[PDB]
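Shown next as structure tokens: one chain only, the form deposited in one PDB entry.
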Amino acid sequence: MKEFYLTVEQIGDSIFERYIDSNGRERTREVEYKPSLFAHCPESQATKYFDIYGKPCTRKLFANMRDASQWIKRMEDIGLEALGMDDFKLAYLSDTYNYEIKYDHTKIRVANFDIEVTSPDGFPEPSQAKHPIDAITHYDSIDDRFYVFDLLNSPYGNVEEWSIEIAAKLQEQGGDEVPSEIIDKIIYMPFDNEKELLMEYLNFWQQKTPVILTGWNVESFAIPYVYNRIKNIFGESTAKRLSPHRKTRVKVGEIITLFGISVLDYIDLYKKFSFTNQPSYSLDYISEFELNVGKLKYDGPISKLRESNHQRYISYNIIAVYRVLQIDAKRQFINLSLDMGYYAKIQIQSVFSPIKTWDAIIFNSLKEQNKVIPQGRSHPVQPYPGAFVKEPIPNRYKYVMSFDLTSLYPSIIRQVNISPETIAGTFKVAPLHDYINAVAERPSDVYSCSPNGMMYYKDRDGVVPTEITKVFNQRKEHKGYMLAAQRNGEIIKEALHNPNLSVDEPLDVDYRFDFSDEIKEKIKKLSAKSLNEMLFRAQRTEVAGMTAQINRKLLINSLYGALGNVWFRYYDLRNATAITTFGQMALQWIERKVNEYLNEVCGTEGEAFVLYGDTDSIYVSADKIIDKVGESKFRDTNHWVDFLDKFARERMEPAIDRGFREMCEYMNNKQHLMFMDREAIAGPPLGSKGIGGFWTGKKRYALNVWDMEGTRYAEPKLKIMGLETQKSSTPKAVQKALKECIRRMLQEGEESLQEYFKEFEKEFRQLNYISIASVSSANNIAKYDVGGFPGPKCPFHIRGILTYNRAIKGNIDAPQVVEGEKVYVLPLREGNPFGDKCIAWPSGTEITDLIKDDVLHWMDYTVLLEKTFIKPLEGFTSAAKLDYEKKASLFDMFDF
């Protein structure tokens, strides 16, 4: 098979690499890699190497990486550019694997683990690791087995072996409901003492050294804990065996790095490739959201679970590891990482760095062309203008249609041809609004321009534009294979309804391309076995395409980040500013065009149809459009929705393309790529007193959407942005009551809203105290505390945390409030035994007794309702010109 690398490391003058050889077996090697860097030479010197600016360069081969680094140091002192890939690991990978690498995941050892550490005195700090490790569950992808290390005797108790029979039984039967699909994949290993467990674990680790190591929070807890525990008991020399190269290091805080291993903490792979931003990121919360089943439940505090119910303790450890494997089975984020890393030829963990990923992609691309990359330069962090957001007029908007530009920044780079080596010059910049209204002199009739004053060559392809354009082509390329493979999805599926009993074999065709009609019906006459393999193959294909297509998308959207980053090799302040300023002009330019077109077709004069714009989207009020045809002439909702849809497709879009076409010629851009697509269509139900939507201000609105990019909803979906209903700090009961308030406003009207509001006020005091409590995170708690009391400028939540501390000062059983975590908050009436206006206890749990009964007795309902429900509702209703309460004065809306 085709060889590929697993991990790579640089230690001194050697490159340590683990990899899969042609035979498919994992191997390791040390190589005295000789790097090459470059320097500018004279034109008279014959060479084949040129920097991206066309300047000639001489290749300097060094005897070892240390000499290369030394040379770079000398060049900086002399003041002359040192060109080439200074990260020798990338160079080595590029040189060793100069070809599209095909990898076989079944050969990559992926370890998923989790440990448990009983601790009476609070969270067991990894940097100390003062407590024994009493449980370890380590899943290995190659053996597809769950290895469980159980400590029977510890200073905290002696227990009996864990029972797999009891683990499989149901809850009602005293069991742990450990899934039957892993029950046979568990290898149990009990131990008499801790030293025997760690040493057996460490030995196990040497025999099955992980390539990719993941799990939940493993980088911040499990890995550092295991490392330090071993180091503290045995020597550091023993702890270093956790690294296949016996080499480790420490980073920010207590982040241990194990050379020869790629750590991909699943908690990070989630906060990166899932894009959903959950309120909480605990394995329990995430597991519920993705699998509709969280971690195993248990009674009492975790610090006492091992001694009170060791059976459940071990099963809990095994489930925690399985949940992560289940989520991955759904998100496939590990597979993605591998795919992206192998694509850019970087260490798998670098996938977390857009800068490193793009650096490697451009580097390998330029290498094939014999070009030499620029030297990374030092750049002062300098803030520059970003996206444009229009200030909306607070109000209700009955009918709205939004339009979004596709891949704005990446497109702008291509259109204007922005790149460091394509910079051609500058021009006198006029006020941005002069360009938006096309009253300013045309910037240049020779170069491609950006409203910030930069001019670019049109006669040459830029390094960046070209590189981004290639990923765009690979995108539609792969998204084209799984597109046709989808067509074959029915040619094979439906071929099972009325096939034949002819015993045959599965044909050899490429599902990437449409099935040839010369073999089309040839398949509609095979056995039940082959046909079930014909669709099986079509699955691998239609799925493989997804990963590639998704990876290309992630790269495309992360390019701008890198370009704005001073640590990026191709960074340039002018270029980053050219991108955002252009985007700012484009959005406002098109806003002007849409208004101009809609006024003309409506006979109106200087009317504002665009009510809001943000970055690459605009929202248009369609009331005039609807009235132009009369609202009473529509049969139902779907009727006017079909009308606006049609009007957008055959009237607005063409007018938009014409508008952007003009802007491209005005800035004399290299190529027109400003494409807008109708996004949403929103409005109230036909025949209702509802208000399709409203805006309170920037980033704050709600719309009753009926259609999104062509897909018509059976029922209108609320699209809410920025309002408290979207805030994790908003109490549960209130978050849903605020949503129902908005739904009623958009779909049913004022009266319905007032009816609900009244009922909710009446029944507020009957809601669970946990559902009506706001949530917040405890930060800098030690910055505003003065001996149990609040210091100067002490936040409200933090003030409540202290009130809790004091009230529980002297109890170790009651839940303590740690830092950086989330906590519930509740206001208290004046004259409470807590001597404060509020109290806050840890989240996810109920108020410990001894104070619970009192809290419920002193909690201020009035203030709670007013502060979390009424205040924000009034914000929505004021903007929407609605009253949530009868007999409300009209003058209250005026300033004095």
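For clarity, a rigid core is taken as the largest C-alpha set superposing within 1.5 Å between two forms. The first residue of the shown sequence is 1; numbering continues from there.
Absent from the display: the form deposited in another entry. The rest refers to it.
> Superposing the core, which one of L338, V211, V823, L408 shows a C-alpha shift reaching 2 Å or more between this form and the one not shown?
By this measure, the answer is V823.
> For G787, does the CA position differ by 2 Å or more between this form and the one not shown when the superposition is done on the rigid core?
True for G787: a C-alpha shift of 2 Å or more.
> Once you line up the core, how about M859: does its CA shift reach 2 Å between this form and the one not shown?
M859 C-alpha, core-superposed: shift of 2 Å or more.
> For a quick test of reading the superposition: does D623 move by 2 Å or more at the CA between this form and the one not shown, rigid core aligned?
The answer is no; the displacement is under 2 Å.
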